[PDB]
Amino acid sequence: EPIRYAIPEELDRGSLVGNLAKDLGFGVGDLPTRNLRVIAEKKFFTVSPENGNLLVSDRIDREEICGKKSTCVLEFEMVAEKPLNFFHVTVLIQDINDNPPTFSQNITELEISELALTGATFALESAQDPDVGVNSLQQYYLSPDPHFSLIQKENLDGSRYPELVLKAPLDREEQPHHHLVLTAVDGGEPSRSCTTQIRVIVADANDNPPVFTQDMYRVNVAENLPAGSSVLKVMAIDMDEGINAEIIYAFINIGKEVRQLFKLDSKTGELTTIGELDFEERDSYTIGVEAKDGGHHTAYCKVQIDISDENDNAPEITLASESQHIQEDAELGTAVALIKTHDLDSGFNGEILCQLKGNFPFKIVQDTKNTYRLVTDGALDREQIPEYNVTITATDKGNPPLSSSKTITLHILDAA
C-alpha cells in the first residue's frame, strides 16, 4: 500500500508526479464517488478529482524544505471517502545543481612571516554550497603564482578543503604584498563556480643586520676645538621595518680619558666633544662604534680622529749664572749667563728665535738648537756701571707667533 515517488525539485506548477488512482487500484468509473483529496499543512501537491493524478501545487525548494540533509522525502496522507481510508504517499525530492558555491568574504587577508620555510602550509577558508551530493562537492583551483601553490585535501566524509602552500621563500624587502585568486567549482550540472581574492601580507622579521656606510670614519680637527662642536656623523642603514629598524649607537672598548672628551648620540649618531683636545697630550683617537637594533643584531666599525697642532704654547726661557756676579777685569769671550729655551709645540711652532733686546756690552752666542751663552763684548767697570739689566726675548715661528721675555740683573764686582 505505501508508495514512493521520485521527482526533481523546482518543477513548474501542474507537473505530473503520478496517477494515484491507477497506482493504488481505483478507476475512472469511480473518481467522483471516492472524492480524492490531499491532507497536508504544506500545500505542495494536489490530487485531481477528475483522473486521479498527483500534481505539483507550489514551488518545491529542496534547500528550504530539507536543507543539508542527504535524503529528502515528503510524507502526506490522501483521504478517500465511501468508505473512509488512509493512503500514505511519500515523494522523494531529487536535488538539482541550481545554487552556486560562495565564500565568506570576497577579499581575505593573510599575514605570513617571511621566516616561513619552503613547504609551509596555511589554512584557507572553504566554500559553502546549500546543495547536497555531487552538486555541493567542491573542486578548488588557484591561479598560477611563482611563490604559492594549492593543496586540496579531503576530510573523513569526502568534502574537499583547500590549503595554501609555499614553494618559494618570501621576502618583504623584495615584495611585501601578494595577490592570489582562489576558485571553487562544484561537481554538478551545470558547473557553477565562484572566485575570491587572497591578499598575502608578508610580515617583517629581522633578516637584515645594520650596515654602516663606511668601515672607517676619519676626520682631522683643530687642537683648540671648542667643547660642543660636531666632529662627524656615523650612519647605519637597516632594511627592516619597525623595531627591527631602529638603530642605537654606542662606544666599545673605550677609556675614561675618551669618555670625558667625546659623546656619541644614541639616536642621531652624531659625535661631538664634551671635553678639551690637546695635541701635546694625544694626537690620535681610535674609537669603535657599535650599532644595535631591535633583534639585537650588531654592527661594528672604527672611528679615527686626528688632531692638528696649534701654536698655543709660548717659548720658555731658563737662565743660569755665577750668582749674577761679574768681575770687571773679565776677558772678551767669558761666559756670563746660560740661556735654555724650549717650546711644547711641534713643527715650526716649536722653533724658537732667541735674541737680545737693548744695547749692552754682551753678545748671545748660539751653541746648539736650544742652548745659548751670554758672552761679554765690551768694557766693564763697577765705578761707572755697577749693574746691567739684561733682557732676553724668545719668539717662535708660529702663526700667530708667541713670545716671552725674562730680565736678569747682572752685578759688576771689583778686580783682584
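Quick note: we count residues from 1 along the sequence shown, nothing fancier.
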item: Higher-scoring stretch by recorded Cα B factor average, 237 to 245 or 271 to 279; value: 237 to 245
item: Between 90 to 98 and 186 to 194 (mean CA B-factor, as deposited), the higher; value: 186 to 194
item: From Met216, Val200, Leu124, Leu338, residue of greatest CA B-factor; value: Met216
item: Per the PDB entry, maximal CA B factor within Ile317, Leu232, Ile151, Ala330; value: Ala330
item: Position of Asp204 among the chain's modelled residues by C-alpha B-factor, lowest, middle or highest third; value: highest
item: CA B-factor placement of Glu290, once the chain's modelled residues are sorted into thirds; value: middle
item: Position of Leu24 among the chain's modelled residues by C-alpha B-factor, lowest, middle or highest third; value: highest
item: Where the record places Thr407 (Cα B-factor, split into thirds across the chain); value: middle
item: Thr391 - which third its CA temperature factor falls in, relative to the rest of the chain; value: lowest
